[PDB]
């Protein structure tokens, strides 16, 4: 069996490498430094902090909020296992880092900054984070009542709500602040019902599923953290505008939970909150189709056992769906026979990410892991070139790469930003999955681990 403690410890550490702004003194690596300290200067605000999205240095607040919410979800479900591993403190520190940044992006009730950095310009430069802000300006982008962005504002509300949920027992003052910001951002999103202003992320993180599942997503997290039934009532109200499986009348089920489509996770949380069969059927339709099949149709699988939804961030999809299987299979209302099927599914997907096919797909872990992730700072080029140096100067511990194709084929290639891609959302659900696997199978993390 694989060391799920070591994997978990590193999958969490991966986020330290993504940090932007003035780093705290408690960081565990010696190669990341302060960066992009002027973020927000163009609008008179302190918009520093947060995570760089992927191997670039743009801060995209839609996938960032998604990542924070999933990280908080891991704590919510597997707090005790995360403490026993000794990594709960690090994971909590990262959640607050992202949420602190979301709060700074919300200086007024109906003004939310959703992006720092221009996508096209930032991607022209292959330079480390500590040098990026000298090469090109980093403008701030915002939405308001006249140019609204309901998807991203609702997504950030979910993140702050989930943050308040896990910080309420340790820092109630901080939890109260996050809740206040979440309900404001929720009201902002619900009032505008539009993405007319969400324009800086076009061609990078444009959603087509709609902001309504983001509303149910946020409404459930607000209720779990605050108990205000008003936001549970609003969550169930917008279920009828979730995506529907084509050629049917079911709630969509043949995709997966991801930064673009959160109605999957929303259905799981609403099932646990309300115990209604509407949500239980929807999530069980999804997890059934992803395992044994539903109505004679089944998600594609590679011969080596990987659930292969699509070629873009395939492992992000498998590990994330696997995490949902963990949470639901551990639920008391889950049919027992379906529980064993779902959890065996989760272990196989986890083991595939860790090296069941013959090689780890987690940088710096296991056998023959990827060594050339499409990541500017870990590569650390001295001349604006992906090819120079020919080896990464730094190890991007814990990063889950895009993954192999449908025939289990994969090759290291710093230039392939699909197969060798890494990103915040790729590791989000992965943490939750490993937390469960550690709880069940153990495997001790590296003591005193430093990068």
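Numbering follows the first chain given and starts at 1.
Higher mean CA temperature factor between 77-85 and 93-101: 77-85, per the PDB entry.
When the mean C-alpha temperature factors of 112-120 and 272-280 are read from the deposited coordinates, 272-280 comes out higher.
Across 225, 154, 71, 200, the entry's maximum B-factor at the CA atom is seen for 225. The PDB entry gives the largest Cα B-factor of the residues 67, 420, 385, 30 to 30.
Per-chain ranking of the deposited C-alpha B factor places residue 437 in the highest third.
Per-chain ranking of the deposited C-alpha B factor places residue 356 in the highest third. In the PDB entry, residue 407 places in the highest third of its chain by CA B-factor. Residue 313: CA B factor in the middle third of modelled residues in this chain (values from the PDB entry).
For residue 35, the recorded CA temperature factor ranks within the middle third of the chain's modelled residues.
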